[PDB]
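Read the single chain below, which is given as structure tokens and is the form deposited in one PDB entry.
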């Protein structure tokens, strides 16, 4: 018996449109009694609105999931979520808790950065978005142009900087021509320390 507790995605907690969930995975439950109940605890008080997914025999044992929709404000305010798993004839229930990382939240700085001169000898070129000074590391970055989402972009993991804040870069790739004929590209950042959790910074020739 091993129990794994997963947090919601940042984007899910930052946009009120989306639905943030905490999922409780239990695996390696002996096929003897694969009957298991879930007790969910939000900051002490128990809650009872957790969908519990139908058990599924893994090829090797059973694995089952309990899903709990969370309130955007609760998670961001730092309430602990507690997953108590109960199994008939199991010495004691297992308890796993989760909460958003603790620490002074801190607003990210977003600078857009055009390609180098030496890079203009290719047919693709690199538009850079630097995002730094933020805390916690949970963040979301996307490129777009003319309100259309962009594609050839990859974003580094957050890296821990020397002041305890985090930074990342995001690299967008567009053909020299798209950038050459003017054209405005745009780096989007989602983070709990921004106003309305969101910022645009743009970049053109």
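Positions refer to the first chain, counted from 1.
Another form exists, deposited with a partner chain bound; not displayed. Remarks below refer to it.
The closest non-hydrogen atom of residue 73 lies within 4.5 Å of the partner chain in the deposited bound form. Residue contact check for residue 14: one or more of its heavy atoms lie within 4.5 Å of the partner chain in the deposited bound form. Within this chain, residue 77 lines the site of the partner chain in the deposited bound form, having a heavy atom no more than 4.5 Å away.
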